[PDB]
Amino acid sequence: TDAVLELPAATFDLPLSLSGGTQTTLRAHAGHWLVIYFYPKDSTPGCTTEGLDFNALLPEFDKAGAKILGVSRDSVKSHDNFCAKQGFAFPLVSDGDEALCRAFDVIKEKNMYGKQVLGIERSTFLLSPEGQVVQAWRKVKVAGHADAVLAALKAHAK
């Protein structure tokens, strides 16, 4: 009923490779809120702006007991370099095979260049403590986004 998106059961058990060399799974986050933001490419202007915006708000996400994960299909090493350069204090998922991206349906197609071109569409999701996707943002406008996600989280968590 409150879900806005249904994920395959297996999604919650996918091993997600993180910056720093460990793995997580969505099921491992049971009991707390989780913000999952998808972005197209490490170390590009919009993606850097977005990551820095979330990073600045971490204490506010902490107040709600929430954790954040950023996701792109860049490698672990790329993610390590991006985190270190920018000072991010939350993890980045290296979704190299786009398994997590496909589960959230963020790989979108555009007819361009006389081709059918597939890519990550900037998108964010709020996952409840019981693993329901209760809010989505797609074709994300970076400016103001992290603030809006925090506000929505607070509204849902209260």
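Position 1 is the first residue in the sequence shown; the rest follow in order. Here, rigid core means the biggest group of C-alpha atoms that superpose within 1.5 Å across both forms.
When the other structures are laid on the shown form by the rigid core, the stretch among 46 to 54 and 106 to 114 with the greater C-alpha deviation in 7 other deposited structures of this protein turns out to be 106 to 114. Farther on average from this form in 7 other deposited structures of this protein lies stretch 14 to 22, the comparison being between 14 to 22 and 141 to 149 by RMS Cα distance after core superposition. Per the PDB entry, 9 shows the highest C-alpha temperature factor of the residues 148, 16, 9, 136.
For residue 118, the recorded CA B-factor ranks within the middle third of the chain. Only modelled residues enter the ranking. Among the modelled residues of its chain, residue 65 has a C-alpha B-factor that falls in the highest third, as given in the PDB entry. Per the PDB record, residue ranking by Cα B-factor puts residue 32 in the highest third of the chain. Sort the modelled residues of the chain by CA B factor and residue 128 lands in the middle third. The entry lists a Cα temperature factor for residue 103 that places it in the middle third of the chain's modelled residues.
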